[PDB]
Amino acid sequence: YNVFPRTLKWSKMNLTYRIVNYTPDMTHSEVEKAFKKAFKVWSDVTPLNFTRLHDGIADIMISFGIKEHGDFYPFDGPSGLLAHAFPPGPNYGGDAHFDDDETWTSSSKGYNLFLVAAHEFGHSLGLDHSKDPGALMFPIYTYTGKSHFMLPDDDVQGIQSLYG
């Protein structure tokens, strides 16, 4: 009948996410705003759009957990692993998990939830790690400097190579 795409990518442009639970470290508003901004990084340079769902099954299910949390990628307590996300697909596909033994912030302290979420949602949409140290998809955390976060070129090229 019909073929799979040549990459792990969503075939639909409208995607849904659900924030399953919340970190102690930030208010519900702070987390929601961080995630909204993180999805905006990718929607601003592609045809993709994101709607939040408050319950049920979203494409991208977002949760905070520690140690064993229901997959083969258990967390390791404070430091080390910060988060992980699954490539586009059914079920766990697209889901994003955040280690709640980390200190999450809206600031320069601890780990900035926005930057990590933006990175992880790259994964949720089909980007793997970049080798370019300036890239958002570089697998090392750094906190930014300029106030208006600008998605690096490598990440722009990468996401566009999947969705236009």
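Just count from 1 along the sequence shown to find any residue number.
Asker: Given the other compared entries that model the residues flanking it, would you say residue 145 is unmodelled in at least one third?
Answerer: Missing in at least a third of the others, so yes.
Asker: Please compare 45-53 with 102-110 and name the stretch with the higher mean C-alpha B-factor in the deposited structure.
Answerer: Taking the mean C-alpha B-factor of 45-53 and of 102-110, the larger value falls to 102-110.
Asker: May I ask you to compare 111-119 and 132-140 by their mean CA B factor in the entry and name the higher one?
Answerer: Higher mean C-alpha B-factor in the PDB entry: 132-140.
Asker: Once the chain's modelled residues are ordered by C-alpha B factor and cut into thirds, is residue 19 in the lowest, middle or highest one?
Answerer: For residue 19, whose C-alpha B-factor we compare with every modelled residue in the chain, the answer is the lowest third.
Asker: Grab the CA temperature factor for residue 75 from the record and place it in the lowest, middle or highest third of its chain.
Answerer: According to the entry, residue 75 has a C-alpha B-factor in the chain's lowest third.
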